[PDB]
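Raw work19.txt, compact mmCIF, N, CA and C atoms:
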# COMPACT_ATOMS: atom_id res chain seq x y z
N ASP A 6 0.84 -1.23 0.00
CA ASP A 6 0.00 0.00 0.00
C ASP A 6 0.86 1.26 0.00
N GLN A 7 2.09 1.15 0.49
CA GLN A 7 3.01 2.29 0.52
C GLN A 7 4.11 2.16 -0.53
N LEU A 8 4.59 3.31 -1.02
CA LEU A 8 5.46 3.39 -2.21
C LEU A 8 6.95 3.12 -2.01
N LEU A 9 7.65 2.88 -3.13
CA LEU A 9 9.11 2.89 -3.21
C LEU A 9 9.54 3.88 -4.28
N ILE A 10 10.58 4.67 -3.99
CA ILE A 10 11.31 5.40 -5.02
C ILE A 10 12.40 4.46 -5.51
N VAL A 11 12.31 4.04 -6.78
CA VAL A 11 13.28 3.09 -7.35
C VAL A 11 14.20 3.78 -8.37
N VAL A 12 15.47 3.92 -7.97
CA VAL A 12 16.53 4.45 -8.84
C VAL A 12 17.36 3.30 -9.43
N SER A 13 17.17 3.03 -10.72
CA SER A 13 17.97 2.00 -11.41
C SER A 13 19.22 2.61 -12.03
N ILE A 14 20.38 2.14 -11.58
CA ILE A 14 21.68 2.59 -12.10
C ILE A 14 22.21 1.51 -13.04
N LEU A 15 22.21 1.77 -14.34
CA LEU A 15 22.48 0.72 -15.31
C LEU A 15 23.97 0.62 -15.67
N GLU A 16 24.45 1.53 -16.51
CA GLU A 16 25.82 1.49 -17.02
C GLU A 16 26.41 2.90 -17.07
N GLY A 17 27.74 2.98 -16.98
CA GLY A 17 28.49 4.22 -17.19
C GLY A 17 29.22 4.16 -18.53
N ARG A 18 29.75 5.29 -18.98
CA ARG A 18 30.61 5.34 -20.17
C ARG A 18 31.52 6.56 -20.05
N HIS A 19 32.63 6.57 -20.81
CA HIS A 19 33.62 7.67 -20.82
C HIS A 19 34.27 7.91 -19.45
N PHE A 20 34.51 6.81 -18.74
CA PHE A 20 35.32 6.80 -17.53
C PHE A 20 36.76 6.44 -17.92
N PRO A 21 37.76 6.94 -17.16
CA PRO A 21 39.11 6.40 -17.38
C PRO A 21 39.19 4.96 -16.86
N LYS A 22 40.01 4.12 -17.50
CA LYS A 22 40.26 2.79 -16.95
C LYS A 22 41.30 2.93 -15.84
N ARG A 23 40.89 2.55 -14.63
CA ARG A 23 41.75 2.55 -13.45
C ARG A 23 41.81 1.12 -12.91
N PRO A 24 42.84 0.34 -13.33
CA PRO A 24 42.95 -1.11 -13.06
C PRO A 24 42.96 -1.52 -11.58
N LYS A 25 43.45 -0.64 -10.70
CA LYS A 25 43.52 -0.90 -9.26
C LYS A 25 42.29 -0.42 -8.48
N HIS A 26 41.33 0.19 -9.18
CA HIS A 26 40.16 0.82 -8.53
C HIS A 26 38.81 0.19 -8.87
N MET A 27 37.83 0.48 -8.03
CA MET A 27 36.43 0.12 -8.23
C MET A 27 35.62 1.41 -8.27
N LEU A 28 34.41 1.32 -8.82
CA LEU A 28 33.41 2.39 -8.73
C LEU A 28 32.24 2.04 -7.79
N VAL A 29 31.80 3.03 -7.01
CA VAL A 29 30.65 2.88 -6.13
C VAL A 29 29.84 4.17 -6.28
N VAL A 30 28.53 4.01 -6.42
CA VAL A 30 27.59 5.12 -6.41
C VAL A 30 26.81 5.03 -5.10
N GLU A 31 26.86 6.10 -4.31
CA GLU A 31 26.02 6.21 -3.12
C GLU A 31 24.93 7.24 -3.41
N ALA A 32 23.71 6.95 -2.96
CA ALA A 32 22.59 7.85 -3.16
C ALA A 32 21.99 8.24 -1.82
N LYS A 33 21.66 9.52 -1.68
CA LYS A 33 21.05 10.04 -0.47
C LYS A 33 19.68 10.65 -0.81
N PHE A 34 18.65 10.24 -0.08
CA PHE A 34 17.34 10.87 -0.16
C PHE A 34 16.69 10.90 1.21
N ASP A 35 16.34 12.13 1.64
CA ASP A 35 15.64 12.39 2.91
C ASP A 35 16.40 11.81 4.11
N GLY A 36 17.72 11.94 4.09
CA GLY A 36 18.58 11.49 5.20
C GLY A 36 18.89 10.00 5.29
N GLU A 37 18.47 9.22 4.29
CA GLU A 37 18.88 7.81 4.21
C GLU A 37 19.83 7.56 3.05
N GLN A 38 21.00 7.03 3.37
CA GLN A 38 22.01 6.74 2.36
C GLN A 38 21.96 5.27 1.93
N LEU A 39 22.01 5.06 0.62
CA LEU A 39 22.06 3.74 0.03
C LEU A 39 23.33 3.67 -0.83
N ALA A 40 23.77 2.47 -1.16
CA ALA A 40 24.94 2.31 -2.02
C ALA A 40 24.82 1.09 -2.92
N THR A 41 25.49 1.18 -4.06
CA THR A 41 25.72 0.04 -4.94
C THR A 41 26.90 -0.78 -4.39
N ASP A 42 27.04 -2.01 -4.88
CA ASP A 42 28.28 -2.75 -4.73
C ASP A 42 29.43 -2.00 -5.44
N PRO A 43 30.70 -2.25 -5.02
CA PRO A 43 31.81 -1.84 -5.88
C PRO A 43 31.77 -2.60 -7.23
N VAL A 44 31.96 -1.88 -8.33
CA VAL A 44 32.11 -2.51 -9.64
C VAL A 44 33.45 -2.05 -10.25
N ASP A 45 33.97 -2.85 -11.17
CA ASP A 45 35.25 -2.59 -11.82
C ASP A 45 35.29 -1.20 -12.49
N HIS A 46 36.36 -0.45 -12.23
CA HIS A 46 36.52 0.89 -12.81
C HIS A 46 37.02 0.82 -14.27
N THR A 47 36.24 0.19 -15.14
CA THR A 47 36.55 0.17 -16.58
C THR A 47 36.02 1.46 -17.23
N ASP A 48 36.24 1.64 -18.53
CA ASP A 48 35.69 2.81 -19.24
C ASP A 48 34.13 2.80 -19.29
N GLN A 49 33.55 1.60 -19.30
CA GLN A 49 32.09 1.41 -19.35
C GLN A 49 31.58 0.56 -18.16
N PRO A 50 31.66 1.11 -16.91
CA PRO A 50 31.26 0.34 -15.72
C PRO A 50 29.79 -0.14 -15.74
N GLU A 51 29.55 -1.35 -15.25
CA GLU A 51 28.19 -1.88 -15.21
C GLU A 51 27.73 -1.97 -13.76
N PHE A 52 26.83 -1.07 -13.37
CA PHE A 52 26.28 -1.08 -12.01
C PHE A 52 25.11 -2.08 -11.90
N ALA A 53 24.15 -1.98 -12.82
CA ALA A 53 22.97 -2.87 -12.83
C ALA A 53 22.26 -3.07 -11.45
N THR A 54 22.13 -1.97 -10.69
CA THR A 54 21.54 -2.02 -9.34
C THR A 54 20.35 -1.07 -9.17
N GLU A 55 19.33 -1.53 -8.47
CA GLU A 55 18.20 -0.67 -8.10
C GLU A 55 18.37 -0.23 -6.64
N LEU A 56 18.39 1.09 -6.41
CA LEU A 56 18.38 1.64 -5.06
C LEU A 56 16.96 2.10 -4.77
N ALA A 57 16.38 1.63 -3.66
CA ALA A 57 14.97 1.88 -3.35
C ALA A 57 14.74 2.46 -1.95
N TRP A 58 13.99 3.57 -1.88
CA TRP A 58 13.53 4.14 -0.61
C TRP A 58 12.02 3.95 -0.47
N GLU A 59 11.61 3.27 0.60
CA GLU A 59 10.18 3.24 0.95
C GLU A 59 9.75 4.60 1.49
N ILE A 60 8.58 5.06 1.07
CA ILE A 60 8.11 6.41 1.34
C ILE A 60 6.60 6.43 1.56
N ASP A 61 6.14 7.34 2.42
CA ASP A 61 4.71 7.55 2.67
C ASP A 61 4.09 8.28 1.47
N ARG A 62 2.84 7.94 1.15
CA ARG A 62 2.07 8.66 0.13
C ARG A 62 2.04 10.17 0.45
N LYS A 63 1.68 10.52 1.69
CA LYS A 63 1.74 11.91 2.19
C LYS A 63 3.16 12.51 2.11
N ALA A 64 4.16 11.76 2.57
CA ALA A 64 5.56 12.21 2.55
C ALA A 64 6.09 12.48 1.15
N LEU A 65 5.66 11.68 0.18
CA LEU A 65 6.04 11.83 -1.23
C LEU A 65 5.62 13.17 -1.85
N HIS A 66 4.38 13.58 -1.58
CA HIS A 66 3.84 14.82 -2.14
C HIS A 66 4.45 16.08 -1.51
N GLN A 67 4.81 16.01 -0.23
CA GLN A 67 5.56 17.08 0.43
C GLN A 67 6.96 17.23 -0.17
N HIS A 68 7.57 16.10 -0.54
CA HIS A 68 8.87 16.07 -1.22
C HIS A 68 8.81 16.60 -2.66
N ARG A 69 7.73 16.30 -3.38
CA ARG A 69 7.48 16.88 -4.71
C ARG A 69 7.33 18.40 -4.68
N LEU A 70 6.62 18.92 -3.67
CA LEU A 70 6.35 20.37 -3.54
C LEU A 70 7.61 21.23 -3.26
N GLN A 71 8.45 20.79 -2.31
CA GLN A 71 9.69 21.51 -1.96
C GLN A 71 10.89 21.17 -2.88
N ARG A 72 10.62 20.39 -3.93
CA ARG A 72 11.61 19.98 -4.96
C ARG A 72 12.84 19.25 -4.40
N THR A 73 12.60 18.20 -3.59
CA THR A 73 13.66 17.41 -2.95
C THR A 73 14.42 16.55 -3.96
N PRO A 74 15.72 16.82 -4.13
CA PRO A 74 16.50 16.02 -5.07
C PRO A 74 16.90 14.65 -4.51
N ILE A 75 17.26 13.73 -5.39
CA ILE A 75 18.06 12.58 -4.99
C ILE A 75 19.47 12.86 -5.53
N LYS A 76 20.44 12.98 -4.63
CA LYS A 76 21.84 13.17 -5.04
C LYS A 76 22.62 11.85 -5.07
N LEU A 77 23.26 11.60 -6.20
CA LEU A 77 24.12 10.44 -6.36
C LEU A 77 25.55 10.94 -6.30
N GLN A 78 26.35 10.34 -5.41
CA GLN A 78 27.80 10.57 -5.39
C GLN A 78 28.53 9.35 -5.97
N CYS A 79 29.45 9.60 -6.90
CA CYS A 79 30.29 8.55 -7.49
C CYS A 79 31.68 8.59 -6.83
N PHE A 80 32.16 7.42 -6.42
CA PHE A 80 33.46 7.26 -5.75
C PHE A 80 34.34 6.28 -6.50
N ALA A 81 35.63 6.59 -6.56
CA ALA A 81 36.66 5.61 -6.90
C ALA A 81 37.12 5.00 -5.58
N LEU A 82 37.00 3.68 -5.48
CA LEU A 82 37.36 2.94 -4.28
C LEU A 82 38.67 2.17 -4.51
N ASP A 83 39.61 2.34 -3.58
CA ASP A 83 40.82 1.55 -3.57
C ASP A 83 40.53 0.28 -2.72
N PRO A 84 40.34 -0.90 -3.38
CA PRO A 84 40.02 -2.16 -2.64
C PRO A 84 41.10 -2.66 -1.66
N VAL A 85 42.32 -2.12 -1.77
CA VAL A 85 43.43 -2.47 -0.88
C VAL A 85 43.34 -1.69 0.44
N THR A 86 43.12 -0.37 0.35
CA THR A 86 43.06 0.54 1.52
C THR A 86 41.64 0.88 2.01
N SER A 87 40.64 0.48 1.22
CA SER A 87 39.20 0.87 1.36
C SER A 87 38.89 2.38 1.25
N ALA A 88 39.95 3.17 1.02
CA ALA A 88 39.87 4.60 0.72
C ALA A 88 38.96 4.92 -0.48
N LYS A 89 38.04 5.87 -0.27
CA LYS A 89 37.15 6.37 -1.30
C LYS A 89 37.51 7.83 -1.66
N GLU A 90 37.56 8.13 -2.95
CA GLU A 90 37.69 9.50 -3.44
C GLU A 90 36.48 9.88 -4.30
N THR A 91 35.83 10.99 -3.95
CA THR A 91 34.71 11.51 -4.75
C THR A 91 35.21 11.88 -6.15
N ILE A 92 34.47 11.46 -7.18
CA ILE A 92 34.80 11.72 -8.58
C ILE A 92 33.83 12.72 -9.22
N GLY A 93 32.62 12.77 -8.69
CA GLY A 93 31.57 13.58 -9.28
C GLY A 93 30.22 13.25 -8.69
N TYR A 94 29.22 14.03 -9.09
CA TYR A 94 27.86 13.93 -8.56
C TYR A 94 26.81 13.93 -9.68
N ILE A 95 25.65 13.35 -9.37
CA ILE A 95 24.48 13.41 -10.24
C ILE A 95 23.27 13.80 -9.38
N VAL A 96 22.55 14.82 -9.82
CA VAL A 96 21.30 15.24 -9.15
C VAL A 96 20.10 14.74 -9.97
N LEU A 97 19.24 13.96 -9.32
CA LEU A 97 17.98 13.51 -9.88
C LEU A 97 16.86 14.25 -9.14
N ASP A 98 15.75 14.54 -9.80
CA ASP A 98 14.59 14.99 -9.02
C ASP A 98 13.36 14.09 -9.13
N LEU A 99 12.49 14.22 -8.14
CA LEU A 99 11.35 13.34 -7.95
C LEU A 99 10.19 13.52 -8.93
N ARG A 100 10.14 14.66 -9.63
CA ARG A 100 9.06 14.90 -10.60
C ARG A 100 9.13 13.97 -11.82
N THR A 101 10.34 13.57 -12.21
CA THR A 101 10.53 12.62 -13.31
C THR A 101 10.42 11.16 -12.84
N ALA A 102 10.39 10.96 -11.52
CA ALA A 102 10.00 9.68 -10.95
C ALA A 102 8.52 9.43 -11.24
N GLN A 103 7.74 10.51 -11.32
CA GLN A 103 6.34 10.40 -11.70
C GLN A 103 6.14 10.71 -13.18
N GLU A 104 6.75 9.89 -14.04
CA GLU A 104 6.53 9.96 -15.48
C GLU A 104 5.89 8.64 -15.93
N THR A 105 4.74 8.73 -16.58
CA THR A 105 3.95 7.54 -16.91
C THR A 105 4.68 6.55 -17.83
N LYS A 106 5.57 7.06 -18.67
CA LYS A 106 6.42 6.20 -19.49
C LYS A 106 7.88 6.23 -19.02
N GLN A 107 8.40 5.07 -18.64
CA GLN A 107 9.75 4.97 -18.10
C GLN A 107 10.82 4.80 -19.18
N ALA A 108 11.86 5.63 -19.11
CA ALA A 108 12.95 5.61 -20.08
C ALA A 108 14.27 6.09 -19.45
N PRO A 109 15.32 5.24 -19.48
CA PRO A 109 16.64 5.56 -18.87
C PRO A 109 17.37 6.73 -19.53
N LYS A 110 17.94 7.62 -18.73
CA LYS A 110 18.64 8.79 -19.26
C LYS A 110 20.11 8.76 -18.89
N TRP A 111 20.94 9.25 -19.81
CA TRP A 111 22.35 9.48 -19.55
C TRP A 111 22.54 10.78 -18.78
N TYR A 112 23.23 10.68 -17.66
CA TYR A 112 23.48 11.82 -16.78
C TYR A 112 24.99 12.05 -16.68
N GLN A 113 25.43 13.22 -17.13
CA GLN A 113 26.82 13.62 -16.96
C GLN A 113 27.15 13.84 -15.47
N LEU A 114 28.27 13.27 -15.03
CA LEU A 114 28.82 13.56 -13.71
C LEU A 114 29.18 15.05 -13.64
N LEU A 115 28.67 15.72 -12.61
CA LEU A 115 28.98 17.12 -12.38
C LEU A 115 30.19 17.16 -11.48
N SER A 116 30.95 18.25 -11.56
CA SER A 116 32.20 18.39 -10.82
C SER A 116 33.08 17.14 -10.96
N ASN A 117 33.17 16.65 -12.20
CA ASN A 117 33.91 15.43 -12.53
C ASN A 117 35.42 15.59 -12.28
N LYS A 118 35.98 14.74 -11.41
CA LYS A 118 37.42 14.76 -11.07
C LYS A 118 38.27 14.39 -12.30
N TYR A 119 37.72 13.55 -13.17
CA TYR A 119 38.35 13.19 -14.45
C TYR A 119 38.00 14.25 -15.50
N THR A 120 38.75 15.35 -15.47
CA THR A 120 38.42 16.59 -16.20
C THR A 120 38.35 16.44 -17.72
N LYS A 121 39.20 15.59 -18.30
CA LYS A 121 39.21 15.39 -19.76
C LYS A 121 38.16 14.37 -20.25
N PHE A 122 37.53 13.67 -19.31
CA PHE A 122 36.56 12.61 -19.62
C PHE A 122 35.12 13.10 -19.41
N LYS A 123 34.26 12.85 -20.39
CA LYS A 123 32.84 13.21 -20.29
C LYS A 123 32.01 12.08 -19.64
N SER A 124 32.44 11.64 -18.46
CA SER A 124 31.86 10.47 -17.79
C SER A 124 30.35 10.64 -17.57
N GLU A 125 29.60 9.60 -17.93
CA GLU A 125 28.14 9.59 -17.90
C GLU A 125 27.66 8.29 -17.24
N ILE A 126 26.55 8.35 -16.51
CA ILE A 126 25.90 7.14 -15.97
C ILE A 126 24.43 7.12 -16.43
N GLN A 127 24.00 5.97 -16.96
CA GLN A 127 22.62 5.78 -17.41
C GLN A 127 21.72 5.36 -16.24
N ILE A 128 20.68 6.16 -15.97
CA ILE A 128 19.82 5.99 -14.80
C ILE A 128 18.33 6.12 -15.14
N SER A 129 17.52 5.21 -14.59
CA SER A 129 16.05 5.35 -14.53
C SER A 129 15.60 5.66 -13.11
N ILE A 130 14.60 6.54 -12.97
CA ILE A 130 13.92 6.74 -11.68
C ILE A 130 12.41 6.52 -11.84
N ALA A 131 11.83 5.72 -10.94
CA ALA A 131 10.41 5.37 -11.01
C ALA A 131 9.79 5.20 -9.62
N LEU A 132 8.46 5.22 -9.57
CA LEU A 132 7.72 4.91 -8.35
C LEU A 132 7.09 3.52 -8.46
N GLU A 133 7.17 2.75 -7.37
CA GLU A 133 6.58 1.40 -7.31
C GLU A 133 5.76 1.17 -6.04
N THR A 134 4.56 0.62 -6.20
CA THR A 134 3.67 0.40 -5.07
C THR A 134 3.96 -0.95 -4.42
N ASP A 135 4.33 -0.90 -3.14
CA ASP A 135 4.58 -2.09 -2.30
C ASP A 135 5.90 -2.77 -2.65
I'd like the structure from this file rewritten - as structure tokens, please.
Amino acid sequence: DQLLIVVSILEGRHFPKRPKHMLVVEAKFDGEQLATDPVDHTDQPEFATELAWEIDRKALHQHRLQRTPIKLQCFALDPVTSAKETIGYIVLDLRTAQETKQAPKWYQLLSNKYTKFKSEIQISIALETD
């Protein structure tokens, strides 16, 4: 009876190949942080993960009104030291979560640490009941 905000993180492209590193996307919405598994830091990383927040019907509409974003942070993870370095960010908003036809979009990393690379991550956002 109560909803989920479902953020599907599919694939990246135009990343540098970093053989000793992994990629992790963490997402924050309304003070709850979620994360993907580490995936190989290739030029075309494959996340293939759904991040989901359960939300109240009432709480959802208050979030739509004040324009509450979902912020995705991308990290390069060193699997030896567990050290994470921020590489860039993606801002999603909840109004496109309420689109009757679902279609994945390419989102450029903002404040991209890899300055010469036009790194992009393909993401869908949707609402699901129960």
Exercise for the section: Could you check how far atom N of residue A:97 sits from atom CA of residue A:24, in Å to one decimal? Expected result: 28.3 Å
Exercise for the section: For stretch 26-30 of chain A, please output as a VMD selection string all residues within 5 Å (counting only N, CA and C atoms; exclusion window: fewer than 6 positions along the same chain). Expected result: chain A and resid 40 to 41 43 to 46 78 to 82
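Among the candidate residues A:90, A:135, A:98, A:83, the one lying nearest to residue A:33 is A:98, with distances computed using only C-alpha atoms.
In this model, the gap between atom CA of residue A:133 and atom CA of residue A:8 comes to 5.6 Å.
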Exercise for the section: Take atom CA of residue A:55 and atom N of residue A:128 and report the distance between them in Å, one decimal. Expected result: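 Computing it gives 10.7 Å between the two atoms.
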Handout entry: Nearest to residue A:16, chosen from A:38, A:91, A:134, A:127, with only C-alpha atoms counted in the distances
Key =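 That would be A:127, the residue with the smallest distance to residue A:16.
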Practice task
Tell me, as a PyMOL selection string, which residues lie within 7 Å of residue A:115, counting all atoms listed in the file; anything in the same chain fewer than 5 positions away does not count.
Solution key: chain A and resi 92-96
Problem - Which of stretch 40-132 of chain A DSSP labels strand (DSSP E), written as a ChimeraX atom specification - result: /A:40,44-45,51-60,74-82,89-98,110-113,125-132
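Take the candidates A:51, A:59, A:35, A:42 and check each one against residue A:71 using only C-alpha atoms; the shortest distance goes to A:35.
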Problem - Best match for closeness to residue A:39 among A:67, A:103, A:54, A:86, counting only C-alpha atoms - result: A:54
Problem - Among listed residues A:88, A:20, A:130, A:53, nearest residue A:104 (using only C-alpha atoms) - result: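 When distances to residue A:104 are compared using only C-alpha atoms, the smallest one comes from A:130.
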Handout entry: Sel. within 10 Å of pt (6.3, 8.8, -2.4), counting only C-alpha atoms, output as a ChimeraX atom specification
Key = /A:7-10,58-69,99,102-103,132-134
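Nearest-residue note for residue A:25: choosing from A:108, A:124, A:85, A:101, the minimum distance belongs to A:85, counting all atoms listed in the file.
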Problem - Protein, DNA and RNA residues within 5 Å of (26.0, 8.1, -20.3), all atoms listed in the file, as a ChimeraX atom specification - result: /A:18,111-112,125-127
Practice task
Run DSSP on the backbone and grab whatever in chain A lands in helix (DSSP H, G or I); send it over as JSON, numbers by chain.
Solution key: {"A": [62, 63, 64, 65, 66, 67, 68, 69, 70]}
